[PDB]
2 protein chains.
Amino acid sequence: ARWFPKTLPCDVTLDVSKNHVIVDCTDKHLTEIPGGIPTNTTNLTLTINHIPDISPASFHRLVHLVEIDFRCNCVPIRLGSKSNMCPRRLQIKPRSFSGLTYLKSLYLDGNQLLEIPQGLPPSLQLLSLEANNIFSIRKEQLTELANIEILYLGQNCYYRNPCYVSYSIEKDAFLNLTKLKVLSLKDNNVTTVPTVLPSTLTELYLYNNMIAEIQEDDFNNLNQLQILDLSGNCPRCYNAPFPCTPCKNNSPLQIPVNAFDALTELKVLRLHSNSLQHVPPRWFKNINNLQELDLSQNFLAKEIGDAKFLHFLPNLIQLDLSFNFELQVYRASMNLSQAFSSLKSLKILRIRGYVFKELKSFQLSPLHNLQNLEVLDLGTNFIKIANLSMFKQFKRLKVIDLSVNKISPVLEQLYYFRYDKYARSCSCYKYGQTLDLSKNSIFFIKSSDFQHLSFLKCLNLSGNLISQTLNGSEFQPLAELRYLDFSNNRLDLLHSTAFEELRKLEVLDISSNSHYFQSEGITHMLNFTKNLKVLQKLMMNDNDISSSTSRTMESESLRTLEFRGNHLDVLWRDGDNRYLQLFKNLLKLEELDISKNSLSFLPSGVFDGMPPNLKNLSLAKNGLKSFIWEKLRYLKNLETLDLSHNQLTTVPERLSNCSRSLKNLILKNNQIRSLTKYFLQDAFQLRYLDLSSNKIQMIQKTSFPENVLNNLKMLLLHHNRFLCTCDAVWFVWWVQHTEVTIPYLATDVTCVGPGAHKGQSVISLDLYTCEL
Amino acid sequence: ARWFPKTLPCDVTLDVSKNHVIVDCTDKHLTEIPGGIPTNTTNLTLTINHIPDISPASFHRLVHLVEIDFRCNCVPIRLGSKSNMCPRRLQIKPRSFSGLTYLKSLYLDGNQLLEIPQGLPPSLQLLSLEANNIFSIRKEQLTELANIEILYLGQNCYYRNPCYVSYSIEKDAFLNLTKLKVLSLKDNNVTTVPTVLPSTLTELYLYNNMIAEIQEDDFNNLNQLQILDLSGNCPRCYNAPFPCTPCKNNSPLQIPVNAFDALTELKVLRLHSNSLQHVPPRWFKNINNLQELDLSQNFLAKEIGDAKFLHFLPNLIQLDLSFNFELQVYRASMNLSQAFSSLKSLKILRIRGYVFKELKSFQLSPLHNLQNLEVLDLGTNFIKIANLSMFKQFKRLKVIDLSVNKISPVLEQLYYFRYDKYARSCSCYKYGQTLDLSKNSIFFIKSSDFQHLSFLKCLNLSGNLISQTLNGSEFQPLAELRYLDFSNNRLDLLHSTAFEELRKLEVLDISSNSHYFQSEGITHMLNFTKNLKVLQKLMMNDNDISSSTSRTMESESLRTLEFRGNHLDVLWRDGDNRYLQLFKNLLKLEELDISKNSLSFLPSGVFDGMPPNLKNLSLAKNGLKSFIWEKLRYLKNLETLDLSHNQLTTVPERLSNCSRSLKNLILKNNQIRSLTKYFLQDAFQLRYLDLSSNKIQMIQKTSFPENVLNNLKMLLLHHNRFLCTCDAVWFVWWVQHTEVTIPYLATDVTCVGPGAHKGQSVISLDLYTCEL
Ligand SMILES: *[C@@H]1O[C@H](CO)[C@@H](O[C@@H]2O[C@H](CO)[C@@H](O)[C@H](O)[C@H]2NC(C)=O)[C@H](O)[C@H]1NC(C)=O
Ligand SMILES: CCOCc1nc2c(N)nc3ccccc3c2[nH]1
Ligand SMILES: CCOCc1nc2c(N)nc3ccccc3c2[nH]1
Ligand SMILES: *[C@@H]1O[C@H](CO)[C@@H](O)[C@H](O)[C@H]1NC(C)=O
Ligand SMILES: *[C@@H]1O[C@H](CO)[C@@H](O)[C@H](O)[C@H]1NC(C)=O
Ligand SMILES: *[C@@H]1O[C@H](CO)[C@@H](O)[C@H](O)[C@H]1NC(C)=O
Ligand SMILES: *[C@@H]1O[C@H](CO)[C@@H](O)[C@H](O)[C@H]1NC(C)=O
Ligand SMILES: *[C@@H]1O[C@H](CO)[C@@H](O)[C@H](O)[C@H]1NC(C)=O
Ligand SMILES: *[C@@H]1O[C@H](CO)[C@@H](O)[C@H](O)[C@H]1NC(C)=O
Ligand SMILES: *[C@@H]1O[C@H](CO)[C@@H](O)[C@H](O)[C@H]1NC(C)=O
Ligand SMILES: *[C@@H]1O[C@H](CO)[C@@H](O)[C@H](O)[C@H]1NC(C)=O
Ligand SMILES: *[C@@H]1O[C@H](CO)[C@@H](O)[C@H](O)[C@H]1NC(C)=O
Ligand SMILES: *[C@@H]1O[C@H](CO)[C@@H](O)[C@H](O)[C@H]1NC(C)=O
Ligand SMILES: *[C@@H]1O[C@H](CO)[C@@H](O)[C@H](O)[C@H]1NC(C)=O
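Summary of conventions: residues on each chain are numbered from 1 in written sequence order, possibly unlike the entry numbering, and any residue without coordinates is omitted from what is shown. Chain labels run from A onward and ligand labels from 1 onward, assigned in the order the entries are written. Side-chain metrics in this entry use all non-hydrogen atoms of the structure; hydrogen atoms and water are not considered. Residues with missing side-chain atoms are left out of burial classes, side-chain pairs and their counts.

Going by the header, the method for this PDB entry is X-ray crystallography, and the resolution given is 2.700 Å.

The name given to chain A in the PDB entry is Toll-like receptor 7, with Macaca mulatta as the source organism. UniProt positions are given in the numbering used here, feature names are shortened, and annotations may be inferred rather than shown by experiment. Its UniProt record gives chain A a comment under Sequence similarities (unreviewed entry), which states: "Belongs to the Toll-like receptor family."

Asker: Explanation requested: the overall build of chain A in the structure shown.
Answerer: Where helices and strands are cited, they refer to DSSP runs of H or I of at least four residues and of E of at least two residues respectively, numbered from the N terminus. The number of helices and strands found in chain A is four helices and 38 strands. Dimensions of chain A along its principal axes, counting C-alpha atoms only, are 80 × 80 × 40 Å.

Asker: What is the right way to look at helix α4 (residues 729-737) of chain A in this model?
Answerer: One turn of an α-helix holds 3.6 residues; hence residues three or four places apart share an orientation. Residues and elements named next belong to chain A. Burial of α4 is extensive: seven of the nine residues sit out of reach of the surface. Burial here depends on accessible area, computed with a 1.4 Å probe over protein chains only, as a share of the maximum for the residue type. Under 20% is buried, over 50% is exposed, and the range in between is partly exposed. Those residues of α4 that sit buried are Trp-730, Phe-731, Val-732, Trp-734, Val-735, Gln-736 and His-737. We call two residues in contact whenever any of their non-hydrogen atoms come within 4.5 Å of each other. For α4, the secondary structure elements touched by its buried residues are α3 (706-709), β36 (714-716) and β37 (722-723).

Asker: Explain the site of ligand 10 to me, please; I cannot follow it from the model alone.
Answerer: Residue and element names in this part refer to chain B. Around ligand 10, the surrounding shell consists of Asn-387, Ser-389, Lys-392 and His-452. The definition of a polar contact used here is a pair of N or O atoms within 3.5 Å, where within protein one atom must be able to donate a hydrogen and the other to accept one, and adjacent residues in sequence count solely through side-chain atom pairs. Contact between ligand 10 and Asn-387: an oxygen atom at 2.3 Å from a side-chain N or O atom of the residue. When isolated, ligand 10 has an accessible area of 360 Å², and the protein chains bury 30% of it. Considering only residue class, the shell around ligand 10 consists of no nonpolar, three polar and one charged. Here a residue is near a molecule or strand as soon as one of its heavy atoms is found within 4 Å of it. Calculation of accessible area relied on Shrake-Rupley with a 1.4 Å probe; when residues are assessed, cover is drawn exclusively from the protein chains displayed. The classification used treats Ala, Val, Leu, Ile, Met, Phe, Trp, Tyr, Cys and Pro as nonpolar, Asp, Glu, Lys and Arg as charged, and all other residues, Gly among them, as polar.

Asker: Got a minute to help me understand the UniProt feature "binding site: Ca(2+)" (unreviewed entry) in chain A in this structure?
Answerer: Residues and elements named next belong to chain A. Here, UniProt's "binding site: Ca(2+)" (unreviewed entry) annotation points to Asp-766. Relative to the helices and strands, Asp-766 is located in the segment after β38 (751-753). A relative accessible area of 53% means that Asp-766 is categorised as exposed. At a separation of 3.3 Å, a polar atom in the side chain of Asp-766 contacts the main-chain amide nitrogen of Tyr-768.

Asker: I keep staring at the packing of aromatic side chains and nothing clicks. Help me out?
Answerer: For any pair of aromatic rings, geometry is given as the distance between the ring centres together with the angle between the planes. Only rings of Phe, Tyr and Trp enter the pairing, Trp through its six-membered ring, and a pair is recorded when the two centres are within 6.5 Å. The plane angle decides the type: under 30 degrees is stacked, over 60 is edge-to-face, the rest tilted. Applying the stated rule across the entire model yields 56 aromatic pairs over all chains. When the centroid spacing of 6.4 Å and the interplanar angle of 15 degrees are considered together, the rings of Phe475(A) and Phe499(A) count as stacked. Of this pair, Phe475(A) sits in the loop between β24 (458-460) and β25 (483-485) while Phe499(A) sits in the loop between β25 and β26 (507-509); the two residues are 24 residues apart in sequence, bridging distant segments of the chain. The same class applies to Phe475(A) and to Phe499(A), which are both buried. Pairing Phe563(A) with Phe583(A) gives two aromatic rings, centres 5.5 Å apart and planes at 75 degrees, and the pair type is edge-to-face. You can see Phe563(A) sitting in the loop between β29 (560-562) and α2 (568-571) and its partner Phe583(A) sitting in the loop between α2 and β30 (585-586), a full 20 residues away along the chain. The pair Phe563(A) / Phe583(A) is uniform in exposure class, with both members buried. Ring-pair connections join several aromatic residues into one group, and the members of that group are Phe219(A), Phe260(A), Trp283(A), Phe284(A) and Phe309(A). Note on geometry: a ring has a charge over it if NZ (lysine) or CZ (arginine) is within 6 Å of the ring centre and within 35 degrees of the ring normal. Its end group placed over the ring of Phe601(B), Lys82(A) keeps NZ or CZ at 4.3 Å from the ring centre.

Asker: Sorry if this is basic, but what is going on with the relation of the copies chain B and chain A here?
Answerer: The relation between the two copies of this chain is a rotation about an axis and a shift parallel to it. For this overlay, the copies are fitted by least squares on their C-alpha atoms. Of the transformation superimposing chain B on chain A, the axial component is 0.1 Å and the angular component is 180 degrees, with the fit at an RMSD of 0.3 Å. As the rotation angle and translation indicate, the two copies are arranged about a two-fold axis. Within chain B, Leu465(B) has its C-alpha nearest the rotation axis, a separation of 3.1 Å.

Asker: Would you mind showing me how to read the interface of chain B and chain A here?
Answerer: Think of interface size as the accessible area that goes away when the parts come together; that is how it is often given. Counting residues at the interface gives 53 residues for chain B, matched by 51 residues for chain A. Broken down by class, the residue content of the side of chain B that touches chain A amounts to 18 nonpolar, 18 polar and 17 charged.

Asker: Before we go on, may I ask you to explain the UniProt feature "binding site: guanosine" (unreviewed entry) in chain A in this structure?
Answerer: Under the UniProt annotation, "binding site: guanosine" (unreviewed entry) lies at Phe382(A), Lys406(A), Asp492(A) and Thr523(A). As for its position among the elements, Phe382(A) is in the loop between β20 (375-377) and β21 (385-386). Those residues in contact with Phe382(A) that lie beyond four places of it in its chain are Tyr330(A), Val355(A), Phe356(A), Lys357(A), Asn405(A), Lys406(A), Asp492(B), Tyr516(B) and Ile522(B). Setting aside anything within four residues of it in sequence, one finds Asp492(A) in contact with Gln468(A), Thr469(A), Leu470(A), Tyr516(A), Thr523(A) and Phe382(B).

Asker: Can you walk me through the state of the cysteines in this structure?
Answerer: A covalent bond between the sulfur atoms of two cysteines is what we call a disulfide. All names here are of chain A. When the sulfur atoms of two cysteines come within 2.5 Å, that pair is taken as a disulfide. With the rule as written, the count across this model stands at 18 disulfides over all chains. Shown here is the disulfide that connects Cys-157 with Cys-163, its sulfur atoms set 2.0 Å apart. Taking the sign of the S-S torsion, -80 degrees for the link of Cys-157 and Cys-163, the bridge is left-handed. Classification of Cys-163 as buried rests on a relative accessible area of 11%. Each disulfide pairs two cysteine sulfurs, and for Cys-428 the partner residue is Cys-458, the sulfurs being separated by 2.0 Å.

Asker: I would appreciate a short explanation of the site of ligand 2 in the present structure.
Answerer: Every residue lining ligand 2 is accounted for by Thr469(A), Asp492(A), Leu494(A), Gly521(A), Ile522(A), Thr523(A), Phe323(B), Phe325(B), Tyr330(B), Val355(B) and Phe382(B). One chain alone does not account for the residues near ligand 2; they come from chains A and B. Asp492(A) places a side-chain nitrogen or oxygen 2.6 Å from a nitrogen atom of ligand 2. The contact in question runs from a nitrogen atom of ligand 2 to an N or O atom on the backbone of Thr523(A), over 3.1 Å. Contact with the protein chains removes 93% of the 420 Å² of surface that ligand 2 exposes when unbound.

Asker: Teacher, can you tell me more about a positive patch on the surface here?
Answerer: Think of a patch as exposed residues, more than 30% relative accessible area, with no salt bridge, where like charges cluster within 9 Å and nonpolar side chains (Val, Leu, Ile, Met, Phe, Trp, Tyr) cluster within 5 Å. For this analysis, a salt bridge means a side-chain nitrogen from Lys or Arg found within 4 Å of a carboxyl oxygen belonging to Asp or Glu. A residue counts as positive if it is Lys or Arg and as negative if it is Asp or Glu; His and the chain ends are not included. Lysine's charge is taken at NZ, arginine's at CZ, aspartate's at CG and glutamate's at CD. Together, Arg673(A), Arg721(A), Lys758(A), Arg673(B), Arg721(B) and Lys758(B) give the surface a local cluster of positive charge. Structurally, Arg673(A) can be placed in the loop between β34 (664-666) and β35 (688-690). Residue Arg673(A) is classed as exposed on the basis of its relative accessible area of 51%.

Asker: It is not clear to me how the environment of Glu501(A) should be interpreted in this structure. Could you clarify?
Answerer: Residue and element names in this part refer to chain A. Tracing the sequence through the fold places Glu-501 in the loop between β25 and β26. For the pair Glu-501 and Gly-472, spaced 29 residues apart in sequence, the C-alpha separation works out to 5.3 Å. For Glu-501, the contacting residues outside a window of four places in its chain are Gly-472, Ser-473, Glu-474, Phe-475 and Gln-476.

Asker: Explain the pattern of salt bridges to me, please; I cannot follow it from the model alone.
Answerer: Close approach of charged atoms allows side chains of opposite charge to pair. All names here are of chain B. The final tally for this structure, using the stated rule, is 48 salt bridges over all chains. Between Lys-186 and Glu-130 there is a salt bridge, with its nearest N and O atoms 3.8 Å apart. Highlighted residues: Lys-186 in the loop between β12 (182-184) and β13 (203-205) and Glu-130 in the loop between β8 (126-128) and β9 (136-137), separated in sequence by 56 residues. Per residue, the accessibility class of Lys-186 equals that of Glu-130, and both read buried. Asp-576 is the partner of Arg-578 in a salt bridge, and the nearest nitrogen-oxygen pair spans 2.8 Å.

Asker: How should I be thinking about the environment of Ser661(B) in this particular structure?
Answerer: Residue and element names in this part refer to chain B. Position of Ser-661 among the secondary structure elements: in the loop between β33 (640-642) and β34 (664-666). Among the residues examined, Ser-661 registers a relative accessible area of 16% and is labelled buried. When the C-alpha atoms of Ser-661 and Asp-682 are compared, they prove to be 12 Å apart, with 21 residues separating the residues in sequence. Polar contacts involving the side chain of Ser-661 include one to the main-chain carbonyl oxygen of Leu-638, which spans 2.8 Å.

Here it is as structure tokens:
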């Protein structure tokens, strides 16, 4: 099928629409640049290797390189692996780059470089040098970068990569860089805004530094700038999850009231963790197109009750005032200034961490007529009282977020306290209006808790303390609810009428409601499904279900049932036939997850008991020790079988005689040591086969007829125990010359033996002695 | 050191006091009885192997056998391995046993035998035939058992081992067995009490059968009988976790009022799951010494309110009336008859599963003067209301158990609903008065909740819904508390004064209180330890701790800290120095568990930061991939190091040069492929070393100086990758001839290679070709 096998340990792709020849050697444990890289190569990536130097020989023939990604070949000590520390900094010999006439991007982050590499071609638009040891910028070193548009210089002097002195930038160092659009000097121990900056800047990043004061002309020539981030200068350090040194005297970042006058094009302004106590309205008198404003992590609790500066921001789209609370105060209520009413373009307002005991309908009045408002985020506020009906007047909104409060009768999990949200490394919203009350203290629900909330499409009650028998009366006002997340509660299914008032419910999650399922002898009504006539997806994972008063679940609508992390091994105890048709009457069921159910064997009757349209069946992570493959004949619509992470030792003698429908067979992480003689013979339906992480020694051509592999959309073979003797001759040849996609040929499809070939890659193996 | 290496795959013990020479071949994957079993052998066990027949050859030389434990060499289908099914019944050949003149016990449970083995010697006192296929008992087959005292015949006909017919016992089958003391016919499809039984019976087990009626003379001669179990005849089948067939027409087991008249010696009467609606007092008219009575799983809810039979039970020690609730009824209160006051010897009263809404002080008045009462178990009753102060009148009690209720402002978890609690296979009570309120619905605690309870020594609040900031006021009445189990709640350590009112507290568990720790930026006061002046043990496992407002925990008392399942990897993020002395000021700390903390490397400073008396340190299950062994020098009292389940590849060059105190070094489940040349040289303190489950190929004598091996109490080496070539000569010789204790030499110290020897045990290895 191929005349010349590929030996290069890098993925090579063609996008001729883009006349790009892309060679990706990321994370291939290389200690040299490989030989034989195609000469037309456009994008060459060498991230996360251990290549210790660059030379004119490095890219000699790669004439058409537009991009070289050479990140993390010697990463700073405290950011990189301690088990494989870099012994030393990348060595860049002269004129390694001056030949690359078409080079537009050069990434050299995280190599412990000491100076800006010189000799760079004038075609270079982007230069990235983050996480090196360059902490003095000299205008002489920047001359080579005449045509640079994007320059990343951050993380060269901060706590995980210290330089132990102030960052130093020569006067007007960047000013002759007259096409420079983006300059990043974040995380750098910088002490003043460098001046003068080229007026063509659109984005300037100066956050997490040692800039104590802005001066009134620091930005006066930047009339094209659209994004300015000054965050984390004079940081608010209480409960900081990184080492944090505040400005002396509780001082804020001092910004003269006219400092922003020239930034007529500014769209985003970030003043996070600047210890601000006041927001002078004068800042914004000639910023009329501001759309995104971050004032999180300051001391603006008082200012939130006044906030006259809001009157100057009629186009602002999202406003963040999270975590401005006063230390050691538990205010009674949230005092929002009427000025909020002037935020007519506002779509997103976030006020986490204001911290107050009670939310009352009047307190949110300044927002009543903000007509574009879509998201209101009042999470992490320790709110104890909130009458949910007050959202009568917010049907308009997509998300109402009261996550993580104390109420009783998607942003990353660390977001507001992370040191650098934007550091680079080497959900029910779709259904409509969402009310997120996850991780609150709701211990009991009534119907009236939800009056005037009939418009809700998704309600998140995950992670409350609901320890209640539901009898179908608790959710009556929620006539439009399509998604209920009830996970992490203590639902007691005493009554099969539970949830039946949710007439429009399409998705129900009661995962991790194990409490009442873990008790001896208590009634459990798993047949509650029958009353839910449009239910499509039911998640009841990690419930430790081992007993059921009903012997069948029934639904004419349900297509996906996740039953992972239960004890069907107990329910299906050998000798007890009563639950072998637990799922038979889910007539439309298409996906069944019963992974992690301790099923070390499947009793006879399990397969006959499956509903008739089952497509995707996962039995993963069960410790399955045996499997009667013929019983797959019962599953006449089966397309995906996940048997991963078990203890199977054999494949069927003839897969086609087990299922003529099977498309994807996942057998990864088992104990299979050899294949059947005629395994895949006539399995022309098969499109995906994963045999990785087993113990196979040999694969012969009778097990793998190429009329079957010729349709195989991926064939996973890595991490086995291949023996590369003259017996393996057909397998080795076929692997080297095949069209079929086989991941990890460069790095984990290897011989275990004999002796000579141990650790050697199958792709690189020369078996000519077998043909003497 | 040994002249004759032991090669027999069985554990052999000498107890010269008794001459027992005990040969234990349990679960050794044997397919024949091994040869060379000592001829003095008294107790020989062959349980769980696959020996397919017994013959006179089997025990020919074993003259002095007193016991043959030969169970489960062919387990019934539904009870046995589905991956290694038994192909055919054990074959018992004639005169296999009749030579063994001193044989007193013979266990043949679980071999699918069809008849009682004949030819048995008259010395036999115990015969066990459980879980075979013998379901017709004939007097002709029992004549050989003249001197039998103990006979187990159960589980030969039930849902996990069906015989498809009624059990059949010939009239007076057992009557000439004139020394029979124990007869067990449980789980057998028995339909009537076999009669007449020998009057010498002390224990009769008839439970889980099909006996619908007791005849008034069925027990007429058993005046020596001490234990009678008739449970599971006419079972109560609601929510039964096994296939359950009740007697027609809801009928109970019918027991004539004079059925027990002869049982003047009866001490235990079990009538569990007999569907009883009444307990006639006349039953007990001639039983004065009854000590244990099990009336669980019946229909005695009304009778519990009357219960005149209790007046005939002044010697009763234990009473179980659990799970007598009425179907579909939720009674308001528990109506305990005044007769309970006549239970003058009662130590244990269990009334789980009565089901009632509120417990009130007067309802327990019938128990107020039961002077010996030690345990009151009202668990799994769905109690919603309870004034805890009412137990002021139960200060004498050891355990007050309200586990698994709905209260708001040790038996196995398999117990009352298990099919056979006694089926055989092939905690803070010590501190004083305990109030167990675990798994209830308490969401908020105040001081007055515990009024009048100052006598309590242990309180279990595990698994409630307490989502509260404690400030030292909540437990004020509990002045004698020594143990607080607060695990599985939502503790909020906003204040370091939490728990300080518990002045006598010695053990505190706040494990699995991760809720507020998984919230970014929230305050967490880990220095709350300082106020607890007699605190000895602190468990804060699985809290996902990743941040801390305080930088040091402090205690002058604490000796044990379990910190497993947190995120010290985040707290100790490389470059963040602030928490490297988190534990340093726990001055008396001797034991620290920081397993499962995602510590793939240890930052420098961690070891210097440990408190000075640390003795037992666990870094298990961390994904550790490197370890600076020299850093152990800081731990000058380190005696136990657990590095199990990590990714280590190397041991120190000289362990003695790393720690002069280290006694027990656990390295199991790592990636170690070789030992250093002088690994153990001069490690004179070392007494226990676990190198099992690694990838070791070779061990040379220089790593194992034999003056060090001689002080080892145990040296674990099993499950490695040993190479049995002529290079391994010293190791193979030393393993075979050493006195040092090495588990699994018979079963998992094996050659991986070369070719010829693969799978062979090192102990069986003949390397003479290496010495030609
Ligand atoms: C940022 O620069 C400051 C100097 O402005 C560094 O502080 C010096 O650090 C050295 C070595 O730690 C001390 O001996 C000096 O006394 C410090 N000087 C001053 C003026 O504080 C600081 O270490 C740098 N921080 C980082 C993260 O690189
Ligand atoms: C031993 C009791 O077994 C039957 C039973 N199950 C439940 C239950 N899940 N929840 C309940 C809630 C309130 C009252 C009773 C029950 C109940 N009763
Ligand atoms: C937003 C971060 O401010 C710090 C803070 N932490 C807590 C806390 N753990 N618990 C609390 C309980 C009630 C009120 C406030 C707090 C609180 N505040
Ligand atoms: C390839 O590199 C060029 C030059 O830096 C870059 O603009 C482009 O996005 C990259 N494209 C692909 C497909 O890798
Ligand atoms: C608000 O809360 C109260 C309960 O305190 C309730 O009576 C009332 O009807 C609720 N509804 C609205 C629209 O606020
Ligand atoms: C509900 O919130 C939890 C945690 O706050 C989150 O994990 C889950 O995704 C949410 N549910 C939905 C349906 O998005
Ligand atoms: C369900 O319980 C609710 C709340 O207690 C009550 O309104 C209703 O009467 C109950 N319905 C039924 C059918 O029992
Ligand atoms: C569910 O099953 C139980 C017992 O099997 C029965 O009492 C109840 O009526 C059923 N409810 C349904 C089918 O909705
Ligand atoms: C308790 O129930 C018993 C039995 O039905 C009855 O004799 C008695 O009157 C009841 N007493 C109380 C206080 O409920
Ligand atoms: C509980 O009992 C105590 C002692 O008699 C009493 O003072 C207290 O009021 C009772 N509490 C309640 C909630 O009834
Ligand atoms: C508290 O109860 C839980 C479960 O209810 C149990 O796991 C734990 O052992 C108990 N605590 C003590 C100290 O016995
Ligand atoms: C601590 O909490 C309790 C909660 O009721 C309160 O009585 C007390 O005033 C609080 N403050 C203290 C003890 O300083
Ligand atoms: C505990 O540490 C916190 C954080 O520094 C501090 O505010 C408090 O005073 C300390 N309290 C005690 C009792 O050590
Ligand atoms: C390790 O060896 C060196 C050289 O003999 C010695 O000076 C040092 O004290 C030793 N350390 C320990 C802990 O024995």
